[PDB]
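# Following this: a sequence and the matching experimental structure.
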Amino acid sequence: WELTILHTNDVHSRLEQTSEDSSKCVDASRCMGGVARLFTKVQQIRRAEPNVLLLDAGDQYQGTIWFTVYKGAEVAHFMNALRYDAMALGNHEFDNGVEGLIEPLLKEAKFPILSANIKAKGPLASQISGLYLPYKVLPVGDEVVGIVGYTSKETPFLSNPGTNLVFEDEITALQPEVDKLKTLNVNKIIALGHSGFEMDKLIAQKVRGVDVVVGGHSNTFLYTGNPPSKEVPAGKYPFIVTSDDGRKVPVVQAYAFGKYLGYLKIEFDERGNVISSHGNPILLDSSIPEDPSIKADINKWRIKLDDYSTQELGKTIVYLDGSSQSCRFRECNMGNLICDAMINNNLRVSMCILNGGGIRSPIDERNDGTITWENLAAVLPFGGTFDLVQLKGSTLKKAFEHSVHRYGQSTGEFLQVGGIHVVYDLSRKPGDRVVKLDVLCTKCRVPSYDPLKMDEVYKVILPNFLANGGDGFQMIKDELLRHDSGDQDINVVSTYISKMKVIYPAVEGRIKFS
Amino acid sequence: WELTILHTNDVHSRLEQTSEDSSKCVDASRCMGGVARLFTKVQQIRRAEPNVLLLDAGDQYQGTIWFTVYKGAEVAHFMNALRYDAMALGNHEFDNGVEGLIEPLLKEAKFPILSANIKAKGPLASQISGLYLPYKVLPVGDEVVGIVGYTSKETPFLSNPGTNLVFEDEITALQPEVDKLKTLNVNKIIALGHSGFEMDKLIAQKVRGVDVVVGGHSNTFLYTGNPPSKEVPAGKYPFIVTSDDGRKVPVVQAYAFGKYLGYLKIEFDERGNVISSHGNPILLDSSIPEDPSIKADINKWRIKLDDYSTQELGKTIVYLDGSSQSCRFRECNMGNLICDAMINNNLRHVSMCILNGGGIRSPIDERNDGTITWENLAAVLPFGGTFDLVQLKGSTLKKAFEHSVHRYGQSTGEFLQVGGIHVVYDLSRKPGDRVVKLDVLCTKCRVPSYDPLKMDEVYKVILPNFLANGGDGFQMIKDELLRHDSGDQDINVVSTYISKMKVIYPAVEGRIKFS
Ligand SMILES: Cc1cccc(-n2nccc2-c2cc(Cl)c3nnn(-c4ccc5cn[nH]c5c4)c3c2)c1
Ligand SMILES: Cc1cccc(-n2nccc2-c2cc(Cl)c3nnn(-c4ccc5cn[nH]c5c4)c3c2)c1
Ligand SMILES: [Ca+2]
Ligand SMILES: [Ca+2]
Ligand SMILES: [Zn+2]
Ligand SMILES: [Zn+2]
Ligand SMILES: [Zn+2]
Ligand SMILES: [Zn+2]
């Protein structure tokens, strides 16, 4: 028995087609993704293959003005139009709190929304009762396929799920659900969830009975053969895990931003065991037409977004590299721009720290360099503030150690900086990777870079998200000596752009590796 | 027979008292120098010692709005009021061309103006005939003292002397003059000139008959004992040179900006030979009152300068280190500010800048509520030049950086301040092979980043007009540039940028490093 799994993850409000770097589509002839194009490709597959599931591994929420304005109503509407079979809850589904998940998405989705490791307590349990499920058993032809969901345990430190939701360990929560499905004689099981490639591999290895893992969160690009675009594969597609019960378990992911449609054909035997699997993510480029009906509908919804001040904030003469591949791995010029905008606005303190996880998109310079509120809103969508903090040198050294504690998983804690020169030696044990850390002096008439002192006290401008233990920066929350509330993130950056008129941030050597 | 030599050099338009870093005087109680205070100290010495000479070793011209507005008329007036006995021509006396030297200073000075190594050719020879001299024989009591002048051979690469003036080798030019003085039975000889401490020492060693050398140009601070301020001595005061004809020759210098009055008391025998000498530069601090008559006169002249837009250009929250001790030796934040102002104004793609320490003329203090005015800025950038665009081979650029440190340690002007460049020097290496690392901001990239310079590659650089014209000995820029577009006015580029930024805070970032 053959099953085709079509899968998307981390779409992040890319409802319209985008540039290849997934920023605003300007040169339409080279644009990719969008729901209109995705619908065309899905329909081509559903008409050719009999047993097809369309799955989403979370993080449909947040990324563009579509979400800022429609707050999830666009997600329900277009996922319904595309007829998704199931979606796993991602961390970003909680960005507008539980009330922002329940009302526009859980109540309007015409498909099951899943998460086996999220448990509701207090008065909320009765409200959210049955709105999301641990699993769904779906009929596929004359067969039945069990889909069991999971959401990152880290969501309380990355989003706003509230206090009445408990995030259990994925493996611990999944095992009883898979076991229940086996007693219900459901012999084919897909674990669909949002915890990142490393947890996906662990789930594949340790949850007895899982046949396939469809993930997200890490924006992992997997490919078999020569890749069709700029994304570099982390491994083959599918990635094969050898389980503890001795089975070969395919693990798949499809990058992010709706640029690819994941495609895996699985051959099961009569007893539900995977004989083989093959596929590859499909590049949703210009050669695939945008469905006319979906595109007409997208255009209808776009009208309300066309009200956003098309007025130029200023110009960039350089590519503003706010891509995750850069900003979560190394010094990125968009990170330097925001940290210098933060420092500047405050003076109008010379040290700044900014988590890569909060830099959500690049901005392209080829449109006569024009930066609009729409371009910027995709970079900084969270509506947070840039706050002032007084920190011990030891607290800062610990924050920098945390910044690279699990380097290489495309996690959000990597720090972008201002007034700091940090050198990392990744070959060293986690918690001992910071080999050099120089900071801009304050008790000096002429600023210069001097080695950080553990027993010294520094004034730093950082997002309120980091002062509140976001991205696992518990040491900042627990050890800070002062915390003053600041100005709105996006307004700080637009004003600075309007003041500078022409911007050109560079990669200068603020962050180095040894 | 005893002679006291009082000497100033590199006053650079510091007619008014200044802060200790020789920028605008704000906190008067701690201010130093100025001509009013100098007059009090000179008077105290002239009334105590019978045989006194007051000498200037050049570079009275250029430094503050006093010169911008009065163009040398303030120099003639206040040097005359202080009754200088002689002045040597410095390179800065040529900043307004020969016509700017002749008309306000040579014609109005009530004292001889000297230079034995400057020769006039063409039609100019008849015009300047007798306006400056190779030497002057001055009566001092019942004795006569010969003073022979000299000016840096480098003046054509530093200023505007024109094409009708030839700068000969100092030693070659001085020897016939000293010999002529000996035949005129002038047995006491002072070489007063502007070529820098290293040449002063050479003059003392090799010019037969020179008893004392009084110099300038290198802003050398010499002191015997514990120094009274922040200037660190280069050697004892006087510095003793053992001449080739076996004599002990004192060499003196008195820093710059009118902060100190050089003071050397010499014991000569009957035949004019120095028996001994002793002294020290005198710190012109608050302990010395400003002469009331000179100060009243200074205030009278100040009125015309107040007319200068007292309006705030913007604010600094950091000390703008434009001191020569910094900008000619290492990365200085005033250098980074000007190079970033240059790059910025031009964009409002070129991301590389080079700026000689020689063109940075003063720091700016941040303690006056951070206020930057046109007067503060005019002291930093007084030359009225432009910031121009140049297309250079990597090899040309590597040669410029080698030149920047070819004779490092003499407080010469060729040291380069930078923008969009990270350069590392190893000074232990032979001159012409000191640049050990040179990374530049890419241009053929969407994201700018520092990549190693390539000898066969072509870069676009913003630099002063002066450097593109082979100023400071940068002959390789003039001769090898592939394109040279004229730019915007130096000072306007920097004020506009300050007005745009509102609050500035340049830093020392590691653009220049040593190994
Ligand atoms: C814990 C906390 C405090 C304050 C606010 C929040 N919320 N609530 C709702 C939304 C946010 C929020 C806001 C701001 Cl300013 C962020 N910047 N980065 N980041 C973020 C997001 C997702 C991942 C994934 N890996 N790393 C990440 C970082 C933000 C999340 C949470
Ligand atoms: C050769 C040349 C070209 C263009 C103009 C000039 N004149 N003319 C008249 C005045 C200048 C001039 C102007 C500018 Cl923008 C300068 N910046 N630095 N610098 C200078 C001055 C003195 C020393 C001593 N060591 N280093 C030094 C550098 C300048 C000289 C000459
Ligand atoms: Ca199975
Ligand atoms: Ca003699
Ligand atoms: Zn995501
Ligand atoms: Zn996620
Ligand atoms: Zn001078
Ligand atoms: Zn000079």
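Cool, the structure landed. Numbering: from 1, shown residues only, chains lettered A, B, ... in the order given. Ligands and ions are numbered 1, 2, ... in the order given.

# from here on, contacts and neighbour counts on C-alpha atoms
Will do.

# which residues in the stretch 101-250 of chain A form helices?
Secondary structure of the stretch 101-250 of chain A (DSSP state H, counting those that start in this stretch): helices at A:124-128, A:170-183, A:197-206.

# tell me the most buried of those?
Comparing the helices of the stretch 101-250 of chain A by mean neighbour count (mean count of other CA atoms under 10 Å in any protein chain shown), helix A:197-206 comes out on top with a mean of 21.

# So what touches it?
Here helix A:197-206 makes contact (CA atoms under 8 Å, 6 or more residues apart in numbering or on different chains) with A:170-171, A:191, A:210-218, A:220, A:241-244, A:249-251, A:253, A:409.

# Where strands are concerned, which of these count?
A:191, A:212-214, A:241-242, A:249-251 (DSSP state E).

# circling back: separate out the buried members of the contacts of helix A:197-206.
A:170-171, A:191, A:210-218, A:220, A:241, A:243, A:249-251, A:253, A:409 (16 or more other CA atoms under 10 Å in any protein chain shown).

# what residues are up against the spatially most distant residue from the centre of chain A?
Distance from the centre of chain A peaks at residue A:445, with 42.6 Å (CA atoms, centre = their mean). Taking CA under 8 Å, 6+ apart, we find residue A:445 in contact with B:318-319.

# a strand runs through residue A:435, doesn't it?
Yes - counting by DSSP: H, G, I helix; E, B strand; the rest coil, residue A:435 is part of a strand.

# what residues does chain A put near chain B?
A:317-321, A:333, A:347-348, A:445-449, A:499-502, A:505-509 (CA under 8 Å from any CA of the partner chain).

# go with 7 Å
A:318-319, A:348, A:445-449, A:502, A:506-508 (CA under 7 Å from any CA of the partner chain).

# These in helices, which ones?
If you go by DSSP state H, the residues of chain A next to chain B have nothing in helices.

# biggest separation within the residues you listed, which pair?
A:319 and A:445 (34.6 Å; CA to CA).

# Tell me the span between the first and last residue of stretch A:305-312.
Between the opening and closing residues of stretch A:305-312 there is a gap of 16 Å (CA to CA, to the nearest Å).

# do the same with stretch A:61-80
Stretch A:61-80: ends 15 Å apart by CA to CA.

# hmm, that stretch touching ligand 5?
No - counting by CA under 5 Å from the ion, ligand 5 is not contacted by stretch A:61-80; separation bottoms out at 8.6 Å.

# contact partners of that stretch?
A:12-14, A:60, A:92-93, A:104-105, A:108-110, A:360, A:374, A:377-378, A:381 (CA atoms under 7 Å, 6 or more residues apart in numbering or on different chains).

# State the distance from the closest residue to ligand 3 within the stretch 51-200 of chain A to residue A:50.
Ligand 3 sits closest to residue A:188 of the stretch 51-200 of chain A, with a gap of 4.3 Å, by CA to the ion. According to CA to CA, residue A:188 and residue A:50 sit 17 Å apart.

# if you count what's nearby, which of those two comes out ahead?
Per other CA atoms under 10 Å in any protein chain shown, whichever of residue A:188 and residue A:50 has more neighbours is residue A:188, with 24 against 13.

# List the contacts of that one.
Contacts for residue A:188 (CA under 7 Å, 6+ apart) come out as A:145-146, A:211, A:272.

# same deal with residue A:286?
Counting by CA under 7 Å, 6+ apart, residue A:286 makes contact with A:29-32.

# who wins for neighbours among those?
When neighbours are counted by other CA under 10 Å, residue A:32 leads those with 27 neighbours.

# which among the contacts of helix A:197-206 are in contact with ligand 5?
Subset of the contacts of helix A:197-206 in contact with ligand 5: residue A:217, counting by CA under 5 Å from the ion.

# Apart from its neighbours in sequence, what residue is nearest residue A:415?
Distances taken as CA to CA, 6 or more residues apart in numbering or on different chains put residue A:355 closest to residue A:415, at 4.6 Å, once the chain neighbours are dropped.

# I'd like the distance between that neighbour and residue A:90.
Using CA to CA, residue A:355 is found at 19 Å from residue A:90.

# repeat for residue A:448
Look at residue A:448 and residue A:90: by CA to CA, they are 43 Å apart.

# Kindly report the same for residue A:202.
According to CA to CA, residue A:202 and residue A:90 sit 18 Å apart.

# and what of residue A:413?
Distance from residue A:413 to residue A:90, by CA to CA: 18 Å.

# ditto for residue A:159
Residue A:159 sits 10 Å away from residue A:90, taking CA to CA as the criterion.

# Those two: who's more crowded?
Neighbour totals were compared for residue A:159 and residue A:90, and residue A:90 leads with 28 against 20 (other CA under 10 Å).

# quick one: contacts for the more buried one?
A:57-59, A:151, A:194.

# Tell me the most packed of those, by neighbour count.
Busiest of the contacts of residue A:90 [other CA under 10 Å] is residue A:194, holding 33 neighbours.

# what bridges to it?
Beta-bridge pairing of residue A:194 under DSSP bridges involves residue A:151.

# surely it meets residue A:57?
Yes - using CA atoms under 7 Å, residue A:194 is in contact with residue A:57, at 5.6 Å.

# Now do the shared contacts for those two.
The overlap between the contact sets of residue A:194 and residue A:57 (CA under 7 Å, 6+ apart) consists of A:88, A:90, A:215-216.

# could those residues be laid out in CSV, adding distance to residue A:464?
Listed next are the shared contacts of residue A:194 and residue A:57 as CSV, based on distance: CA to CA, whole Å:
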residue, distance to residue A:464
A:88, 28
A:90, 22
A:215, 29
A:216, 26
